[PDB]
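S.K.: One structure, as structure tokens, below. Some questions next.
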Amino acid sequence: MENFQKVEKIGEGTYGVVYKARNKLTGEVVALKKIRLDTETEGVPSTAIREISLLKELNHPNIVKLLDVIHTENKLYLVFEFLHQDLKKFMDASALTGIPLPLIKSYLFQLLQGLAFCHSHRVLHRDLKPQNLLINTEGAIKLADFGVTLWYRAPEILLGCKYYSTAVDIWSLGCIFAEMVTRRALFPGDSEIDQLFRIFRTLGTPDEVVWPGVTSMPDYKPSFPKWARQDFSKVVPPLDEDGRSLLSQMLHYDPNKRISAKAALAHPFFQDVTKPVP
Ligand SMILES: OCC#Cc1c[nH]c2c(Cl)ccc(Cl)c12
Ligand SMILES: OCC#Cc1c[nH]c2c(Cl)ccc(Cl)c12
């Protein structure tokens with residue numbers, strides 16, 4: 001578009017490419033997401049418009065602002081507020097020493113605030129990963145790029161549940177929390193079955209006892225191997241008992257037992273929370 005000048009590519013996803021760009025009218029630097037629209041959604045755009053309006057109405061300090069939506073030339077441009085660094089690049093830059101624990105806890109706390117807000121406005125992220133968590137110099141972190149890495153995918157999605165809940169975001173955020181702490185991805189699966197089996201090898205193969213209804217799920221197989229659960233003390237050292245307890249609740253198999261963002265905000269782990277400068 002004539003009012004935007006591309007500075008550089010900053011992201012790529014399934015639906016489009018993301019550029020740092022300058023808005024010639026406001027002088028502001030923005031993230032520009034370009035989506036090529038199929039003729040099917042152009043013919044029946046009502047659901048797409050409803051979902052994008054829900055994203056646009058989100059106003060929260062821990063959510064990347066959707067500034068403008070431009071429909072032109074069989075394309076949709078989403079104009080977002082711009083931030084300079086993502087958590088994946090920050091984790092990488094911090095890999096010799098670790099992100100300090102007060103900063104891990106501040107980031108976790110703020111993302112839970114963002115998710116509690118999304119979730120109470122019937123918005124799910126669906127694809128949380130370090131690369132779509134954006135950070136600034138003031139110690140803020142923000143959810144971006146609302147819904148190929150499988151590492152953060154909730155087990156109910158991998159088991160073919162079509163009608164999944166807000167609990168999928170809590171699972172992804174739990175995986176990210178473990179990763180900040182240990183400096184290793186929790187479940188680095190390279191296929192859906194390897195993803196599933198990595199979760200099973202750590203948390204135990206789920207059954208009807210721990211996850212009522214699991215054996216009736218679309219992609220559940222009786223022939224899944226049966227692994228015993230490991231202790232969290234070997235999974236996320238040196239996280240303290242408050243952190244381990246919180247993580248265990250974020251990684252409950254049953255989506256209905258998994259902690260909500262709002263209840264996680266109240267966990268004793270956040271008793272000493274502060275907002276450090278990275
Ligand atoms: O938010 C204003 C708007 C709009 C749209 C017009 N056509 C669309 C298609 Cl095909 C997809 C998604 C959107 Cl938001 C629009
Ligand atoms: O689609 C993948 C992506 C991305 C983004 C990278 N940087 C961003 C900023 Cl600064 C704002 C908004 C988005 Cl979606 C991205």
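Chain labels run A, B, ... following the order of the structure tokens; each chain numbers its residues from 1, and ligands are numbered from 1 in the order shown.
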Leaving out residue 124 in chain A and any residue of its chain fewer than 3 positions from it, which residues lie within 7 Å of it when counting only C-alpha atoms, given as a PyMOL selection string?

M.R.: chain A and resi 118-119+166

S.K.: May I have the residues within 7 Å of range 240-257 of chain A as a ChimeraX atom specification, using only C-alpha atoms and disregarding those fewer than 2 positions away in the same chain?

M.R.: /A:167,170-171,174,210-211,232,238,259,267-269

S.K.: Give me, as an MDAnalysis selection string, the set of residues whose atoms come within 6 Å of any atom of ligand 2, counting only C-alpha atoms and all ligand atoms.

M.R.: chainID A and resid 10:13 18 31 80:83 144:145

S.K.: For the selection just defined, write its residues with N, CA and C atoms to a file, as a compact mmCIF listing (two decimals), in the first residue's frame.

M.R.:
```
# COMPACT_ATOMS: atom_id res chain seq x y z
N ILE A 10 10.12 -9.11 9.23
CA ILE A 10 10.35 -9.40 10.65
C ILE A 10 9.67 -10.71 11.09
N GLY A 11 8.76 -11.21 10.27
CA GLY A 11 8.05 -12.45 10.56
C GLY A 11 7.38 -13.08 9.37
N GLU A 12 7.09 -14.37 9.50
CA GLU A 12 6.39 -15.14 8.50
C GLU A 12 5.62 -16.20 9.23
N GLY A 13 4.35 -16.35 8.87
CA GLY A 13 3.49 -17.41 9.38
C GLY A 13 2.73 -18.10 8.27
N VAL A 18 5.13 -10.60 7.64
CA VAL A 18 5.10 -9.45 8.53
C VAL A 18 6.35 -8.61 8.29
N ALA A 31 4.15 -2.83 12.60
CA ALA A 31 4.29 -4.13 11.96
C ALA A 31 3.13 -4.34 11.01
N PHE A 80 -0.21 -3.55 12.99
CA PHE A 80 0.05 -3.70 14.42
C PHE A 80 1.03 -2.72 14.97
N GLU A 81 0.89 -2.42 16.27
CA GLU A 81 1.94 -1.70 16.98
C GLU A 81 3.24 -2.53 16.83
N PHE A 82 4.38 -1.84 16.82
CA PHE A 82 5.67 -2.49 16.62
C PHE A 82 6.45 -2.60 17.91
N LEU A 83 7.02 -3.80 18.17
CA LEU A 83 8.04 -3.93 19.21
C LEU A 83 9.30 -4.56 18.61
N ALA A 144 1.25 -11.47 20.71
CA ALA A 144 1.16 -11.01 19.33
C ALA A 144 0.85 -12.17 18.40
N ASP A 145 0.42 -11.84 17.18
CA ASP A 145 0.25 -12.83 16.12
C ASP A 145 -0.72 -13.94 16.54
```

S.K.: Check every protein, DNA and RNA residue against ligand 1, keep those with an atom at most 6 Å away (counting only C-alpha atoms and all ligand atoms), and present them as a list in words.

M.R.: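 Within the 6 Å cut-off, the matching residues are residues 41, 42, 45, 48, 49, 52, 69 and 71 of chain A.
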
S.K.: So that I can check the secondary structure, give me every residue of range 25-114 of chain A assigned helix (DSSP H, G or I) by backbone DSSP, as number ranges by chain.

M.R.: A: 39-43, 46-57, 87-93, 101-114

S.K.: Using only C-alpha atoms, determine which residues lie at most 12 Å from residue 3 in chain A, disregarding the query and same-chain residues fewer than 3 positions distant; provide the list as a PyMOL selection string.

M.R.: chain A and resi 6+21-30+32+70+79

S.K.: Include N, CA and C atoms and write out the residues we just selected as a compact mmCIF listing (two decimals), in the first residue's frame.

M.R.:
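The new file again.txt reads:
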```txt
# COMPACT_ATOMS: atom_id res chain seq x y z
N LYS A 6 8.04 -0.37 3.37
CA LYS A 6 8.69 -1.51 4.02
C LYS A 6 10.11 -1.15 4.44
N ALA A 21 7.47 -1.46 9.00
CA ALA A 21 7.12 -0.52 7.93
C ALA A 21 6.96 0.86 8.53
N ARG A 22 7.11 1.90 7.72
CA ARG A 22 6.79 3.26 8.15
C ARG A 22 5.47 3.72 7.52
N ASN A 23 4.57 4.25 8.36
CA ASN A 23 3.31 4.86 7.95
C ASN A 23 3.67 6.28 7.60
N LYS A 24 3.54 6.63 6.32
CA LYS A 24 3.87 7.95 5.76
C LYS A 24 2.93 9.07 6.27
N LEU A 25 1.70 8.72 6.71
CA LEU A 25 0.68 9.66 7.19
C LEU A 25 0.89 10.06 8.64
N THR A 26 1.28 9.09 9.50
CA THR A 26 1.45 9.31 10.94
C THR A 26 2.95 9.45 11.32
N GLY A 27 3.83 9.05 10.40
CA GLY A 27 5.26 8.94 10.69
C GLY A 27 5.59 7.74 11.57
N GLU A 28 4.57 6.93 11.96
CA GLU A 28 4.85 5.86 12.93
C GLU A 28 5.39 4.60 12.24
N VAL A 29 6.20 3.87 13.00
CA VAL A 29 6.78 2.60 12.64
C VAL A 29 5.79 1.57 13.21
N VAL A 30 5.43 0.60 12.38
CA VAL A 30 4.38 -0.39 12.63
C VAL A 30 4.86 -1.75 12.17
N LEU A 32 3.46 -4.64 9.76
CA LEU A 32 2.48 -4.81 8.69
C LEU A 32 2.37 -6.30 8.34
N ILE A 70 -6.85 -3.12 6.55
CA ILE A 70 -7.00 -2.57 5.20
C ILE A 70 -7.35 -3.74 4.30
N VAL A 79 -2.36 -3.92 10.48
CA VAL A 79 -1.36 -2.97 10.92
C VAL A 79 -1.33 -3.08 12.45
```

S.K.: Within 9 Å of residue 137 in chain A, counting only C-alpha atoms, which residues qualify if same-chain residues fewer than 4 places away don't, as a count of residues only?

M.R.: 3

S.K.: As an exercise, work out the distance from CA of residue 212 in chain A to CA of residue 163 in chain A in Å and give it to one decimal place.

M.R.: 16.2 Å

S.K.: Which residues, written as a PDB file with C-alpha atoms, in the first residue's frame, have at least one atom at most 12 Å from residue 225 in chain A, with only C-alpha atoms counted and residues fewer than 6 positions away on the same chain left out?

M.R.:
```pdb
ATOM      1  CA  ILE A 193       3.110 -38.357  17.136  1.00  0.00           C
ATOM      2  CA  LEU A 196       2.430 -36.594  21.667  1.00  0.00           C
ATOM      3  CA  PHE A 197       4.935 -39.255  22.785  1.00  0.00           C
ATOM      4  CA  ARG A 198       7.389 -36.672  24.256  1.00  0.00           C
ATOM      5  CA  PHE A 200       3.505 -38.922  27.378  1.00  0.00           C
ATOM      6  CA  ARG A 201       7.123 -39.882  28.295  1.00  0.00           C
ATOM      7  CA  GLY A 204       2.784 -40.318  31.842  1.00  0.00           C
ATOM      8  CA  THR A 205       0.494 -41.756  29.128  1.00  0.00           C
ATOM      9  CA  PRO A 206      -2.960 -40.304  30.033  1.00  0.00           C
ATOM     10  CA  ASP A 207      -5.838 -42.631  30.877  1.00  0.00           C
TER      11      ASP A 207
END
```

S.K.: Choose the residue, out of A:115, A:203, A:108, A:123, that has the smallest atom-to-atom separation from residue 262 in chain A; count only C-alpha atoms.

M.R.: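 Residue with the minimum atom-to-atom distance to residue 262 in chain A: A:115.
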
S.K.: By how many Å are CA of residue 130 in chain A and CA of residue 59 in chain A apart?

M.R.: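 Separation of CA of residue 130 in chain A and CA of residue 59 in chain A: 21.3 Å.
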
S.K.: Could you list, with a cut-off of 9 Å and counting only C-alpha atoms, the residues of range 159-261 of chain A near range 89-98 of chain A, each shown with its nearest atom pair and the distance in Å rounded to one decimal, rows sorted by chain and ascending number, as a tab-separated table?

M.R.:
```
residue	atom	partner	partner_atom	distance
A:179	CA	A:91	CA	8.7
A:180	CA	A:91	CA	6.8
A:181	CA	A:98	CA	7.4
A:182	CA	A:98	CA	8.0
A:183	CA	A:95	CA	6.4
```

S.K.: When you count only C-alpha atoms, which of these residues is closest to residue 175 in chain A: A:261, A:236, A:121, A:160?

M.R.: A:236

S.K.: Quote the spacing between CA of residue 131 in chain A and CA of residue 77 in chain A in Å to one decimal place.

M.R.: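 One can read the CA of residue 131 in chain A to CA of residue 77 in chain A distance as 20.2 Å.
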